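Asker: So I've got this experimental structure, pasted below with the sequence.
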Amino acid sequence: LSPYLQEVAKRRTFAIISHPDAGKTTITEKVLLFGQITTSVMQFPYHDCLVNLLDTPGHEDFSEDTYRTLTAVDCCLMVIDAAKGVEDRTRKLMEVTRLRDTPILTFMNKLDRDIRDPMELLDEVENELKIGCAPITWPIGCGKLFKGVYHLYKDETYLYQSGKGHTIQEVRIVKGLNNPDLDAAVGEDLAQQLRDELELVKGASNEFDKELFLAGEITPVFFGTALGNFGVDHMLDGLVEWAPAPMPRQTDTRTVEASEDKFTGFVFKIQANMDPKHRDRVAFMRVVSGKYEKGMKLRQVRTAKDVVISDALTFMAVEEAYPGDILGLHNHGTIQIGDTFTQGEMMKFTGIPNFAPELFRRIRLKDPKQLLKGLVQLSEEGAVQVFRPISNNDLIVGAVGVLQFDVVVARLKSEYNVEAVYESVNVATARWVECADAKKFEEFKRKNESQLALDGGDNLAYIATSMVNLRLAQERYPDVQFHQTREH
Ligand SMILES: Nc1nc2c(ncn2[C@@H]2O[C@H](COP(=O)(O)OP(=O)(O)O)[C@@H](O)[C@H]2O)c(=O)[nH]1
């Protein structure tokens, strides 16, 4: 209990992972009224804690930076549409999460409307996402018949009042599971069905365990409706109680704890499109340790220069930050994704990655050609990834979300003189390739040369025609490693 450590102990940093249309926007909004650009990251008080919520843009905004945002959090909330179950992007974002086995909290949403069998929703999570479920609450009816939820550990029933949503409902609680007031509130039909279903839950599901939760191996499961603002506070109570305070982060040199003074942090995201009053392209940095104050002098390790940061975007609940918080650095071409910042100590954080792009095309000028110089530089920042096959001169751009393609053409025109045009190519993914046996490694290069390419950072990567072709290369050259991810 020493003022600075007090501020570290009470912070909780998380982001939502969800499929588009599942309810991130609705539940984020409701989360904020329980706490009483800025949308990027929002800090609010809840109970005795200070909670940092990072946006994970999933619509037209979707990009590789959405994935990288998850590297900068210590906890995620998986929001599932309880009518649709586990969807594609749900699976993709959990995938990203397994890089650090980040703890997950689950919120089954849209209980206003009819849903899939809740026991099946649990099943779906376990068999598809490889994580145990632990129901904390359990729904009592659904649709027009949604009456509320039951807490398995507090032995009580929260009662749902329809048509609230834009306020915080009155909390109404019946205490016994076997209290006849539960039957009077909900009907004996749904009260008996609760009791029978809890029996199946005990027989086929898992008790909550804080240890496994922190190891990324179970998740508490909450049921509610974000539109009607019910059960969101139930999930925030788990968040506060169970999610970690600012966790450590690994470096090339050592493990950095948040309990250290000395400011320390890394950049995980750079805003696409420069608007504000200039080209700020705000670089978002996660504070790993120490306190940022306004006039402070930091070390940009990449360039080995001292930078005074007088203006720094802050997302308060004035102009300070503690570990767990996010900072927006003003950037005019000097910051890059993965840039570490300290107060002199020269080391590099080692979590911030480059994911296998999910979308590809060939870039090309309608002539002639410093287009290469421009893609390599955009690649050094966050903008995109480029691939230069060994056997030819083509340039292949690799994005995660379509938006990135448009951004490259614009920035190529403005910051470099080039006018660039896209062309379809046959590429389904890439994998960075690696082999400690020089003899087997060169035999692999020789026999697969037509599918091999170089990064904008000179890392060798197999460019796969289809996933079937990737599985073939993998199984025929088992001594070679195919990585879906690499350090940026
Ligand atoms: N009935 C019902 N509809 C919801 C609920 N939450 C969100 N919606 C609706 O589902 C749609 C998607 O919501 P949205 O928050 O934009 O999902 P997002 O894409 O993850 O941000 C919208 O038309 C919402 O009105 C829910 O609690 N119950």
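Answerer: Done, it's in. Numbering: from 1, shown residues only.

Asker: Distance check, the residue in the stretch 151-300 of the chain positioned nearest to the ligand against residue 165.
Answerer: Relative to the ligand, the nearest point of the stretch 151-300 of the chain is residue 227 (3.3 Å; CB to the nearest ligand atom). For every residue, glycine as well, the C-beta is placed using N, CA and C. Relative to residue 165, residue 227 is positioned 6 Å away (CB to CB, to the nearest Å).

Asker: picking up where we left off before, next, count neighbours for the residue of the stretch 151-300 of the chain closest to the ligand.
Answerer: 18 (other CB atoms under 10 Å).

Asker: The one 3 residues further on too?
Answerer: Residues within reach of residue 230, counting by other CB under 10 Å, total 26.

Asker: is it in a bridge, and if so with what?
Answerer: For residue 230, the beta-bridge partners are residue 225 (DSSP bridges).

Asker: how many neighbours does the closest residue to residue 172 other than its chain neighbours have?
Answerer: Setting aside the residues directly before and after it, residue 172 is nearest to residue 159 in space (CB to CB, 6 or more residues apart in numbering), at 4.0 Å. The number of residues packed near residue 159 is 18, by other CB under 10 Å.

Asker: tell me which parts of the stretch 201-350 of the chain are close to the ligand?
Answerer: 225-227 (CB under 6 Å from any ligand atom).

Asker: residues contacting the residue nearest to residue 172?
Answerer: 147-148, 172-174, 185-186 (CB atoms under 8 Å, 6 or more residues apart in numbering).

Asker: who wins for neighbours among those residues?
Answerer: The residue in those with the most neighbours, by other CB under 10 Å, is residue 148 (26 neighbours).

Asker: Check the spacing between that residue and residue 157 real quick.
Answerer: 6 Å.

Asker: so what's in contact with the two at the same time?
Answerer: In contact with both residue 148 and residue 157: 140, 185-186, using CB under 8 Å, 6+ apart.

Asker: Next, count neighbours for residue 152.
Answerer: Residue 152 is flanked by 20 other residues according to other CB under 10 Å.

Asker: any idea how far residue 346 is from it?
Answerer: 50 Å.

Asker: which residue sits closest to residue 139, ignoring its sequence neighbours?
Answerer: Nearest residue to residue 139, sequence neighbours excluded (CB to CB, 6+ apart): residue 223, at 4.3 Å.

Asker: quick one: contacts for that neighbour?
Answerer: Residue 223 touches 82, 107-108, 111, 118, 137-139, 149, 231, counting by CB under 8 Å, 6+ apart.

Asker: now do residue 119
Answerer: 197, 200-201, 204.

Asker: And what about it, helix, strand or coil?
Answerer: Following DSSP: H, G, I helix; E, B strand; the rest coil, residue 119 is assigned to helix.

Asker: now residue 265
Answerer: Assignment for residue 265 (three-state DSSP): strand.

Asker: Tell me who's in contact with it.
Answerer: So residue 265 contacts 285-289, 327, 340-341, 349 (CB under 8 Å, 6+ apart).

Asker: which of the residues you listed sit farthest apart?
Answerer: Spatial extent of the contacts of residue 265 (CB to CB) is set by the pair 327 and 349 at 14.2 Å.
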